[PDB]
Amino acid sequence: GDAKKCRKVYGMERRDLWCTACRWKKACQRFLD
DNA sequence: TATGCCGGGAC
DNA sequence: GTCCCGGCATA
Ligand SMILES: [Zn+2]
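Residues 355 to 387, numbered by the deposited numbering, are exactly what the first sequence covers, in order.
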């Protein structure tokens, strides 16, 4: 929904700024839900 | 079109 | 251990 986890924050042009769960398309370890 | 995730795949 | 996508649930 209206949430903003790593990928919707930084985008694929800044993928290096995401958490390692987001890097691997697994449940976010940073922006908990 | 695209986030966000499990099941499956790579080395 | 460290690395990621295909297909799906979902909007
Ligand atoms: Zn994350």
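Just so you know, even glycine gets a beta-carbon here, dropped at the ideal spot from N, CA and C.
Classification of residue i by the beta-carbon crowding that lies within 10 angstroms, buried from 16 upward
i, result
"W378", "exposed"
Residue i Cβ short of 7 angstroms to ligand 1 heavy atom set
i, result
"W372", "yes"
"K359", "yes"
"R384", "yes"
Residue i, enclosing alpha helix (DSSP H) - first and last residue
i, result
"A375", "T374 to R377"
Cα-Cα separation between residue i and residue j, rounded to whole angstroms
i, j, result
"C360", "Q383", "10 angstroms"
"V363", "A357", "10 angstroms"
"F385", "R368", "17 angstroms"
"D387", "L371", "19 angstroms"
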